[PDB]
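Have a look at work17.cif below; it lists mmCIF, N, CA and C atoms.
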```cif
data_entry
#
loop_
_atom_site.group_PDB
_atom_site.id
_atom_site.type_symbol
_atom_site.label_atom_id
_atom_site.label_comp_id
_atom_site.auth_asym_id
_atom_site.auth_seq_id
_atom_site.Cartn_x
_atom_site.Cartn_y
_atom_site.Cartn_z
ATOM 1 N N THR A 3921 -58.433 69.270 -17.123
ATOM 2 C CA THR A 3921 -57.315 70.198 -17.033
ATOM 3 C C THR A 3921 -56.148 69.554 -16.294
ATOM 4 N N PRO A 3922 -55.029 69.298 -16.975
ATOM 5 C CA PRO A 3922 -53.854 68.748 -16.285
ATOM 6 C C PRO A 3922 -53.103 69.804 -15.491
ATOM 7 N N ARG A 3923 -51.948 69.430 -14.944
ATOM 8 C CA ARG A 3923 -51.114 70.383 -14.225
ATOM 9 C C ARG A 3923 -50.537 71.420 -15.182
ATOM 10 N N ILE A 3924 -50.446 72.662 -14.709
ATOM 11 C CA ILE A 3924 -49.947 73.768 -15.519
ATOM 12 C C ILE A 3924 -48.666 74.255 -14.841
ATOM 13 N N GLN A 3925 -47.939 73.322 -14.221
ATOM 14 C CA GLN A 3925 -46.694 73.673 -13.543
ATOM 15 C C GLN A 3925 -45.643 74.163 -14.534
ATOM 16 N N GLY A 3926 -45.492 73.467 -15.657
ATOM 17 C CA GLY A 3926 -44.532 73.865 -16.668
ATOM 18 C C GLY A 3926 -45.127 73.971 -18.057
ATOM 19 N N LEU A 3927 -46.293 73.365 -18.254
ATOM 20 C CA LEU A 3927 -46.948 73.351 -19.551
ATOM 21 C C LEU A 3927 -47.911 74.529 -19.686
ATOM 22 N N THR A 3928 -48.534 74.622 -20.855
ATOM 23 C CA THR A 3928 -49.552 75.622 -21.152
ATOM 24 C C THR A 3928 -50.862 74.920 -21.492
ATOM 25 N N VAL A 3929 -51.868 75.713 -21.864
ATOM 26 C CA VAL A 3929 -53.168 75.152 -22.223
ATOM 27 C C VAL A 3929 -53.070 74.370 -23.529
ATOM 28 N N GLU A 3930 -52.409 74.951 -24.535
ATOM 29 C CA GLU A 3930 -52.269 74.276 -25.823
ATOM 30 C C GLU A 3930 -51.395 73.033 -25.705
ATOM 31 N N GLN A 3931 -50.404 73.060 -24.811
ATOM 32 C CA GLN A 3931 -49.577 71.878 -24.597
ATOM 33 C C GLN A 3931 -50.343 70.792 -23.851
ATOM 34 N N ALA A 3932 -51.091 71.171 -22.813
ATOM 35 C CA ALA A 3932 -51.811 70.210 -21.989
ATOM 36 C C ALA A 3932 -53.073 69.675 -22.651
ATOM 37 N N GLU A 3933 -53.562 70.326 -23.711
ATOM 38 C CA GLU A 3933 -54.706 69.786 -24.440
ATOM 39 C C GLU A 3933 -54.372 68.446 -25.087
ATOM 40 N N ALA A 3934 -53.175 68.326 -25.662
ATOM 41 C CA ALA A 3934 -52.756 67.082 -26.297
ATOM 42 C C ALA A 3934 -52.202 66.062 -25.311
ATOM 43 N N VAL A 3935 -51.889 66.473 -24.079
ATOM 44 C CA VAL A 3935 -51.378 65.537 -23.080
ATOM 45 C C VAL A 3935 -52.443 64.508 -22.715
ATOM 46 N N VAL A 3936 -53.691 64.955 -22.547
ATOM 47 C CA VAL A 3936 -54.784 64.042 -22.222
ATOM 48 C C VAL A 3936 -55.010 63.053 -23.358
ATOM 49 N N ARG A 3937 -54.907 63.523 -24.603
ATOM 50 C CA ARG A 3937 -55.039 62.626 -25.747
ATOM 51 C C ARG A 3937 -53.906 61.607 -25.785
ATOM 52 N N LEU A 3938 -52.669 62.055 -25.551
ATOM 53 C CA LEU A 3938 -51.523 61.151 -25.576
ATOM 54 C C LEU A 3938 -51.533 60.166 -24.414
ATOM 55 N N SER A 3939 -52.212 60.496 -23.313
ATOM 56 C CA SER A 3939 -52.296 59.574 -22.185
ATOM 57 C C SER A 3939 -53.152 58.351 -22.493
ATOM 58 N N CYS A 3940 -53.987 58.407 -23.533
ATOM 59 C CA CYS A 3940 -54.827 57.268 -23.881
ATOM 60 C C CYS A 3940 -54.031 56.114 -24.478
ATOM 61 N N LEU A 3941 -52.834 56.379 -24.998
ATOM 62 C CA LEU A 3941 -52.019 55.310 -25.558
ATOM 63 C C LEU A 3941 -51.509 54.398 -24.445
ATOM 64 N N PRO A 3942 -51.598 53.075 -24.623
ATOM 65 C CA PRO A 3942 -51.047 52.160 -23.610
ATOM 66 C C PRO A 3942 -49.547 52.293 -23.426
ATOM 67 N N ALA A 3943 -48.808 52.607 -24.494
ATOM 68 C CA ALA A 3943 -47.363 52.766 -24.376
ATOM 69 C C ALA A 3943 -47.010 54.034 -23.606
ATOM 70 N N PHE A 3944 -47.653 55.148 -23.943
ATOM 71 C CA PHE A 3944 -47.395 56.427 -23.280
ATOM 72 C C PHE A 3944 -48.428 56.684 -22.184
ATOM 73 N N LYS A 3945 -48.434 55.798 -21.188
ATOM 74 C CA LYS A 3945 -49.322 55.960 -20.045
ATOM 75 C C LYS A 3945 -48.679 56.779 -18.934
ATOM 76 N N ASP A 3946 -47.375 56.611 -18.723
ATOM 77 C CA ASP A 3946 -46.642 57.370 -17.709
ATOM 78 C C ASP A 3946 -46.135 58.677 -18.321
ATOM 79 N N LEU A 3947 -47.081 59.586 -18.546
ATOM 80 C CA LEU A 3947 -46.799 60.886 -19.142
ATOM 81 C C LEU A 3947 -47.068 62.051 -18.205
ATOM 82 N N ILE A 3948 -48.165 62.002 -17.444
ATOM 83 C CA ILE A 3948 -48.495 63.088 -16.526
ATOM 84 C C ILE A 3948 -47.446 63.197 -15.426
ATOM 85 N N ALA A 3949 -47.045 62.064 -14.852
ATOM 86 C CA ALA A 3949 -46.006 62.054 -13.832
ATOM 87 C C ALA A 3949 -44.602 62.113 -14.415
ATOM 88 N N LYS A 3950 -44.457 61.947 -15.733
ATOM 89 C CA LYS A 3950 -43.135 61.985 -16.353
ATOM 90 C C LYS A 3950 -42.497 63.363 -16.223
ATOM 91 N N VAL A 3951 -43.262 64.422 -16.499
ATOM 92 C CA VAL A 3951 -42.723 65.774 -16.383
ATOM 93 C C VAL A 3951 -42.494 66.147 -14.923
ATOM 94 N N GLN A 3952 -43.296 65.596 -14.007
ATOM 95 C CA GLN A 3952 -43.096 65.871 -12.589
ATOM 96 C C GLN A 3952 -41.833 65.196 -12.067
ATOM 97 N N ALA A 3953 -41.568 63.966 -12.511
ATOM 98 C CA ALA A 3953 -40.335 63.286 -12.124
ATOM 99 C C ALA A 3953 -39.121 63.952 -12.759
ATOM 100 N N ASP A 3954 -39.208 64.273 -14.045
ATOM 101 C CA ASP A 3954 -38.145 64.995 -14.743
ATOM 102 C C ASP A 3954 -38.466 66.488 -14.794
ATOM 103 N N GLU A 3955 -38.532 67.091 -13.604
ATOM 104 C CA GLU A 3955 -38.847 68.513 -13.511
ATOM 105 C C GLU A 3955 -37.699 69.371 -14.029
ATOM 106 N N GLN A 3956 -36.457 68.934 -13.804
ATOM 107 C CA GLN A 3956 -35.307 69.682 -14.299
ATOM 108 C C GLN A 3956 -35.190 69.595 -15.814
ATOM 109 N N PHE A 3957 -35.672 68.505 -16.410
ATOM 110 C CA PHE A 3957 -35.613 68.344 -17.857
ATOM 111 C C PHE A 3957 -36.627 69.258 -18.532
ATOM 112 N N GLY A 3958 -36.189 70.454 -18.914
ATOM 113 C CA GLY A 3958 -37.058 71.411 -19.569
ATOM 114 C C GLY A 3958 -36.392 72.078 -20.752
ATOM 115 N N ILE A 3959 -35.270 71.510 -21.200
ATOM 116 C CA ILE A 3959 -34.578 72.035 -22.373
ATOM 117 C C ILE A 3959 -35.445 71.880 -23.614
ATOM 118 N N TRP A 3960 -36.123 70.738 -23.745
ATOM 119 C CA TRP A 3960 -37.062 70.551 -24.842
ATOM 120 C C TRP A 3960 -38.316 71.400 -24.677
ATOM 121 N N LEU A 3961 -38.625 71.827 -23.451
ATOM 122 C CA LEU A 3961 -39.823 72.630 -23.227
ATOM 123 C C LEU A 3961 -39.642 74.058 -23.726
ATOM 124 N N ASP A 3962 -38.478 74.657 -23.475
ATOM 125 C CA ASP A 3962 -38.241 76.058 -23.797
ATOM 126 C C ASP A 3962 -36.927 76.213 -24.548
ATOM 127 N N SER A 3963 -36.986 76.912 -25.688
ATOM 128 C CA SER A 3963 -35.822 77.352 -26.456
ATOM 129 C C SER A 3963 -34.922 76.208 -26.907
ATOM 130 N N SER A 3964 -33.706 76.552 -27.322
ATOM 131 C CA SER A 3964 -32.653 75.625 -27.761
ATOM 132 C C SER A 3964 -33.165 74.835 -28.970
ATOM 133 N N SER A 3965 -32.645 73.623 -29.161
ATOM 134 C CA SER A 3965 -33.067 72.727 -30.236
ATOM 135 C C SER A 3965 -33.580 71.442 -29.603
ATOM 136 N N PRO A 3966 -34.884 71.353 -29.319
ATOM 137 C CA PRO A 3966 -35.438 70.099 -28.780
ATOM 138 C C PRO A 3966 -35.346 68.928 -29.740
ATOM 139 N N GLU A 3967 -35.131 69.184 -31.032
ATOM 140 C CA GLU A 3967 -35.016 68.105 -32.006
ATOM 141 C C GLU A 3967 -33.810 67.221 -31.710
ATOM 142 N N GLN A 3968 -32.636 67.836 -31.540
ATOM 143 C CA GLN A 3968 -31.411 67.067 -31.334
ATOM 144 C C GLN A 3968 -31.426 66.328 -30.001
ATOM 145 N N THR A 3969 -31.938 66.964 -28.950
ATOM 146 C CA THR A 3969 -31.961 66.383 -27.609
ATOM 147 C C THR A 3969 -33.416 66.207 -27.185
ATOM 148 N N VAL A 3970 -33.981 65.041 -27.480
ATOM 149 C CA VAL A 3970 -35.355 64.705 -27.127
ATOM 150 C C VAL A 3970 -35.308 63.677 -25.999
ATOM 151 N N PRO A 3971 -35.658 64.048 -24.771
ATOM 152 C CA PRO A 3971 -35.593 63.094 -23.658
ATOM 153 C C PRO A 3971 -36.729 62.083 -23.716
ATOM 154 N N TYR A 3972 -36.568 61.029 -22.909
ATOM 155 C CA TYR A 3972 -37.565 59.985 -22.673
ATOM 156 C C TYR A 3972 -37.907 59.182 -23.924
ATOM 157 N N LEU A 3973 -38.802 58.210 -23.773
ATOM 158 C CA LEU A 3973 -39.219 57.333 -24.860
ATOM 159 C C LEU A 3973 -40.583 56.754 -24.500
ATOM 160 N N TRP A 3974 -40.985 55.710 -25.217
ATOM 161 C CA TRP A 3974 -42.273 55.070 -24.978
ATOM 162 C C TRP A 3974 -42.238 54.215 -23.717
ATOM 163 N N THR A 3978 -38.878 47.119 -22.076
ATOM 164 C CA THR A 3978 -38.589 46.337 -23.272
ATOM 165 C C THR A 3978 -37.612 47.077 -24.188
ATOM 166 N N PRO A 3979 -36.740 46.329 -24.866
ATOM 167 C CA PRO A 3979 -35.872 46.951 -25.873
ATOM 168 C C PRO A 3979 -36.689 47.532 -27.018
ATOM 169 N N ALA A 3980 -36.214 48.653 -27.553
ATOM 170 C CA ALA A 3980 -36.902 49.358 -28.622
ATOM 171 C C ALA A 3980 -35.960 49.559 -29.798
ATOM 172 N N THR A 3981 -36.500 49.411 -31.003
ATOM 173 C CA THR A 3981 -35.750 49.701 -32.209
ATOM 174 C C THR A 3981 -35.512 51.206 -32.321
ATOM 175 N N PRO A 3982 -34.500 51.625 -33.090
ATOM 176 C CA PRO A 3982 -34.347 53.066 -33.359
ATOM 177 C C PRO A 3982 -35.566 53.689 -34.015
ATOM 178 N N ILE A 3983 -36.254 52.951 -34.891
ATOM 179 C CA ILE A 3983 -37.488 53.453 -35.490
ATOM 180 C C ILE A 3983 -38.557 53.656 -34.422
ATOM 181 N N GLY A 3984 -38.682 52.704 -33.494
ATOM 182 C CA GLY A 3984 -39.654 52.853 -32.421
ATOM 183 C C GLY A 3984 -39.322 53.996 -31.481
ATOM 184 N N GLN A 3985 -38.031 54.197 -31.202
ATOM 185 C CA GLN A 3985 -37.616 55.333 -30.384
ATOM 186 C C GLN A 3985 -37.918 56.653 -31.082
ATOM 187 N N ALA A 3986 -37.707 56.706 -32.400
ATOM 188 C CA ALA A 3986 -38.060 57.898 -33.162
ATOM 189 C C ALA A 3986 -39.564 58.142 -33.144
ATOM 190 N N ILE A 3987 -40.363 57.073 -33.229
ATOM 191 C CA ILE A 3987 -41.818 57.210 -33.148
ATOM 192 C C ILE A 3987 -42.229 57.758 -31.787
ATOM 193 N N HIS A 3988 -41.617 57.246 -30.715
ATOM 194 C CA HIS A 3988 -41.932 57.726 -29.372
ATOM 195 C C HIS A 3988 -41.549 59.192 -29.197
ATOM 196 N N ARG A 3989 -40.367 59.576 -29.689
ATOM 197 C CA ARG A 3989 -39.945 60.972 -29.614
ATOM 198 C C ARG A 3989 -40.870 61.871 -30.425
ATOM 199 N N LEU A 3990 -41.305 61.394 -31.591
ATOM 200 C CA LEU A 3990 -42.226 62.151 -32.428
ATOM 201 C C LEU A 3990 -43.568 62.351 -31.733
ATOM 202 N N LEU A 3991 -44.093 61.301 -31.096
ATOM 203 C CA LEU A 3991 -45.346 61.433 -30.357
ATOM 204 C C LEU A 3991 -45.204 62.366 -29.163
ATOM 205 N N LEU A 3992 -44.045 62.352 -28.501
ATOM 206 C CA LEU A 3992 -43.820 63.256 -27.377
ATOM 207 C C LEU A 3992 -43.761 64.710 -27.838
ATOM 208 N N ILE A 3993 -43.005 64.974 -28.906
ATOM 209 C CA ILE A 3993 -42.799 66.346 -29.358
ATOM 210 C C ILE A 3993 -44.043 66.888 -30.060
ATOM 211 N N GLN A 3994 -44.864 66.015 -30.653
ATOM 212 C CA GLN A 3994 -46.127 66.455 -31.237
ATOM 213 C C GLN A 3994 -47.063 67.051 -30.191
ATOM 214 N N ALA A 3995 -46.962 66.610 -28.939
ATOM 215 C CA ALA A 3995 -47.774 67.148 -27.857
ATOM 216 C C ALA A 3995 -47.080 68.248 -27.067
ATOM 217 N N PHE A 3996 -45.755 68.194 -26.925
ATOM 218 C CA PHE A 3996 -45.042 69.175 -26.109
ATOM 219 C C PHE A 3996 -44.526 70.370 -26.906
ATOM 220 N N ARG A 3997 -43.874 70.130 -28.042
ATOM 221 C CA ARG A 3997 -43.231 71.178 -28.835
ATOM 222 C C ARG A 3997 -43.713 71.060 -30.275
ATOM 223 N N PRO A 3998 -44.885 71.622 -30.588
ATOM 224 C CA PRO A 3998 -45.460 71.423 -31.930
ATOM 225 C C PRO A 3998 -44.668 72.060 -33.062
ATOM 226 N N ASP A 3999 -43.775 73.012 -32.779
ATOM 227 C CA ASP A 3999 -43.065 73.692 -33.857
ATOM 228 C C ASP A 3999 -41.922 72.861 -34.433
ATOM 229 N N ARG A 4000 -41.220 72.079 -33.611
ATOM 230 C CA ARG A 4000 -40.118 71.253 -34.093
ATOM 231 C C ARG A 4000 -40.583 69.901 -34.627
ATOM 232 N N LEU A 4001 -41.880 69.764 -34.916
ATOM 233 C CA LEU A 4001 -42.384 68.545 -35.535
ATOM 234 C C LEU A 4001 -41.770 68.331 -36.911
ATOM 235 N N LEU A 4002 -41.460 69.418 -37.622
ATOM 236 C CA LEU A 4002 -40.822 69.299 -38.931
ATOM 237 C C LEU A 4002 -39.437 68.671 -38.812
ATOM 238 N N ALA A 4003 -38.646 69.123 -37.834
ATOM 239 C CA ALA A 4003 -37.314 68.559 -37.634
ATOM 240 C C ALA A 4003 -37.376 67.126 -37.117
ATOM 241 N N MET A 4004 -38.333 66.829 -36.232
ATOM 242 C CA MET A 4004 -38.519 65.451 -35.785
ATOM 243 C C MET A 4004 -38.912 64.534 -36.936
ATOM 244 N N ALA A 4005 -39.800 64.997 -37.818
ATOM 245 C CA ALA A 4005 -40.180 64.207 -38.984
ATOM 246 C C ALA A 4005 -39.001 64.015 -39.928
ATOM 247 N N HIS A 4006 -38.176 65.052 -40.096
ATOM 248 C CA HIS A 4006 -36.982 64.928 -40.924
ATOM 249 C C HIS A 4006 -36.029 63.876 -40.367
ATOM 250 N N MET A 4007 -35.820 63.873 -39.049
ATOM 251 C CA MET A 4007 -34.941 62.863 -38.465
ATOM 252 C C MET A 4007 -35.553 61.467 -38.526
ATOM 253 N N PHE A 4008 -36.875 61.354 -38.362
ATOM 254 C CA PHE A 4008 -37.540 60.064 -38.518
ATOM 255 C C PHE A 4008 -37.350 59.514 -39.927
ATOM 256 N N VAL A 4009 -37.509 60.372 -40.938
ATOM 257 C CA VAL A 4009 -37.297 59.955 -42.320
ATOM 258 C C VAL A 4009 -35.840 59.567 -42.550
ATOM 259 N N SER A 4010 -34.900 60.327 -41.979
ATOM 260 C CA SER A 4010 -33.486 60.017 -42.177
ATOM 261 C C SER A 4010 -33.108 58.685 -41.534
ATOM 262 N N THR A 4011 -33.647 58.396 -40.348
ATOM 263 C CA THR A 4011 -33.363 57.119 -39.701
ATOM 264 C C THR A 4011 -34.095 55.951 -40.348
ATOM 265 N N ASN A 4012 -35.219 56.199 -41.024
ATOM 266 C CA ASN A 4012 -35.925 55.102 -41.677
ATOM 267 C C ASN A 4012 -35.343 54.791 -43.053
ATOM 268 N N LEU A 4013 -34.987 55.824 -43.817
ATOM 269 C CA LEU A 4013 -34.544 55.661 -45.199
ATOM 270 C C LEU A 4013 -33.042 55.877 -45.354
ATOM 271 N N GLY A 4014 -32.538 57.021 -44.901
ATOM 272 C CA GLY A 4014 -31.135 57.347 -45.060
ATOM 273 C C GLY A 4014 -30.854 58.821 -44.851
ATOM 274 N N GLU A 4015 -29.595 59.159 -44.564
ATOM 275 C CA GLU A 4015 -29.245 60.551 -44.289
ATOM 276 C C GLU A 4015 -29.341 61.411 -45.543
ATOM 277 N N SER A 4016 -29.006 60.849 -46.704
ATOM 278 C CA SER A 4016 -29.062 61.567 -47.970
ATOM 279 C C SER A 4016 -30.320 61.236 -48.767
ATOM 280 N N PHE A 4017 -31.438 60.993 -48.080
ATOM 281 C CA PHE A 4017 -32.670 60.648 -48.780
ATOM 282 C C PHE A 4017 -33.298 61.860 -49.453
#
```

Will you turn the file into structure tokens for me?
Amino acid sequence: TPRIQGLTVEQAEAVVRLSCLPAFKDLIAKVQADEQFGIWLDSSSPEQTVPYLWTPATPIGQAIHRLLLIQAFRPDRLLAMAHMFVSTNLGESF
């Protein structure tokens, strides 16, 4: 059971899974350090403003990191994150 300071049970269930990735190791303390950053946590459009990331990173890699973050934190905007990932990989009018 992780911290339930800002997350829920369904959100924190995937946090433990995402912590197994070597790239996304600093995840449990990430929300504690960015405690004010909760726009993606509640309401608004977390798709357009996705904080944090996984060395220089390609835009595709940054989109992958944002997708992995939102898949665990905000499961509903996964469709919009996937749409933006496709647009950045292929094109805006794909």

Could you check how far atom N of residue 3941 of chain A sits from atom CA of residue 3959 of chain A, in Å to one decimal?
24.2 Å

Of the candidates A:4012, A:3982, A:3992, A:3968, which one gets nearest to residue 3935 of chain A if we count only C-alpha atoms?
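When distances to residue 3935 of chain A are compared using only C-alpha atoms, the smallest one comes from A:3992.
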
Can you pull out every residue from chain A that DSSP, working from the backbone, puts in helix (DSSP H, G or I), and format the result as a PyMOL selection string?
chain A and resi 3929-3938+3948-3953+3982-3996+3998-4012

What does the distance from atom CA of residue 3929 of chain A to atom CA of residue 3971 of chain A come to in Å, to one decimal?
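Computing the Euclidean distance for atom CA of residue 3929 of chain A and atom CA of residue 3971 of chain A yields 21.4 Å.
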
Please measure the separation of atom N of residue 3973 of chain A and atom CA of residue 3944 of chain A, giving the value in Å to one decimal.
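A separation of 8.8 Å between them.
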
Using only C-alpha atoms, pick whichever of A:4001, A:3949, A:4013, A:3993 has the shortest atom-to-atom distance to residue 3970 of chain A.
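Among the listed residues, A:3993 lies closest to residue 3970 of chain A.
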
As a PyMOL selection string, please: the residues near residue 4017 of chain A (cut-off 12 Å, only C-alpha atoms, same-chain neighbours under 5 positions excluded).
chain A and resi 4006-4012

Need the shell around segment 3960-3962 of chain A: protein/DNA/RNA residues with any atom at most 8 Å away, counting only N, CA and C atoms. Skip same-chain ones fewer than 4 positions apart. Format as JSON, numbers by chain?
{"A": [3926, 3966, 3967, 3969, 3970, 3971, 3996, 3997]}
